[PDB]
């Protein structure tokens, strides 16, 4: 946890919105309620105009009507100012310019009152063309996707935000609305001041088919981005698995293990005492240890994997298993990803170099000299597995 405020958003939260506004002197009030869930970066709000008719289009109000509900990924959690200002909350102020038309100025307080997150807003519009897209109610009822750009304002102990909303017009044109935003802590407690990043925002406007009153149902999905997480061998591994249909493979293996005698025999051999001698002797090698530690320090849980290691079938025996898995793997692609990571990943190249090191090859040579290992290979060659070919293929990668 990177802040105390952050812990308030783990679950679903009640939301309340109140707005008072005046646009070209048309005065109105709106109230809304719903729930945010910041884990998923979702929120759901319903609004009603309590004064009678809304003098401006619902879509123009969307941005005005709780960014503390964005989903920040774990690597970005030190960059979330919004949750960090909670519960005391923050002031969010904006100027919104509608191209070729009037502008909105807004001031909102966002903060908890009890268990509820409350957004109270005052809004003033001016200089609107009476025949324009806004007063003329020419906007389609819908919303688009936008990136919301955040940067720290140190002087103000807060953030500066800007973005451009695209409002679709009924004649197929687009009405731009340039947003300039600042957010300020209400409380005197410490807050996170983020590096430059953005919120990816998606929204959808709908109705309650039952609701008779003019209303807007608003659905928002918001996720922070624009800052790369630190990378290591985990991330490289995940990338190879990504290329691999692991579900199919795990199933095929499961099947052979169930219905095939030879596959079961080889598994029995894995708990065999001859095989035990092999594991034991390798585990005894200091250079094997160093290699494991190396993997550990670079993001791999290695020891965890090894110590913790204990009908689609188209084929028969070990070769049947090997062939079925192979038919599945994208060899050319994996091989490409492998070549690429030697270029683009430092950790992966160190890993490669580590394996090619004299230290490591001596682990390999120790193994090659175990007659119990040499016997294991012969046990396979006689079951039809071409080990020598497979062995050469691997030598050739390195």
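Numbering follows the first chain given and starts at 1.
Handout entry: residue 65 to residue 66: deposited residues without atomic coordinates
Key = The entry has 1 to 3 unmodelled residues between residue 65 and residue 66.
Handout entry: Count class of coordinate-free deposited residues lying between the neighbours residue 310 and residue 311
Key = According to the record, 10 or more deposited residues lack coordinates from residue 310 to residue 311.
Exercise for the section: Read off the CA B-factors in the entry, average them over 99-107 and over 208-216, and name the higher stretch. Expected result: Between 99-107 and 208-216, it is 208-216.
Practice task
For the higher mean C-alpha B factor in the entry, choose 226-234 or 178-186.
Solution key: Higher mean C-alpha B-factor in the PDB entry: 226-234.
Exercise for the section: Sort 323, 140, 195, 296 by C-alpha B-factor from the entry and give me just the highest. Expected result: That would be 296.
Exercise for the section: Select one of 277, 203, 162, 200: the residue whose C-alpha shows the highest B-factor in the crystal structure entry. Expected result: 277 has the highest C-alpha B-factor of those listed.
Practice task
Please place residue 37 in the lowest, middle or highest third of its chain by C-alpha B factor as given in the entry.
Solution key: Bottom third by C-alpha B-factor.
Handout entry: residue 58 - which third its CA temperature factor falls in, relative to the rest of the chain
Key = Tercile = lowest for this residue's CA B-factor.
Practice task
Sort the modelled residues of this chain by their C-alpha B factor and say whether residue 349 lands in the lowest, middle or highest third.
Solution key: Its C-alpha B-factor belongs to the lowest third of this chain's values.
Handout entry: Chain third (lowest, middle, highest) by recorded CA B-factor, residue given as residue 319
Key = Middle third of the chain for residue 319's C-alpha B-factor.
Exercise for the section: Ordered by C-alpha B-factor within the chain, which third holds residue 338? Give me lowest, middle or highest, please. Expected result: Bottom third by C-alpha B-factor.
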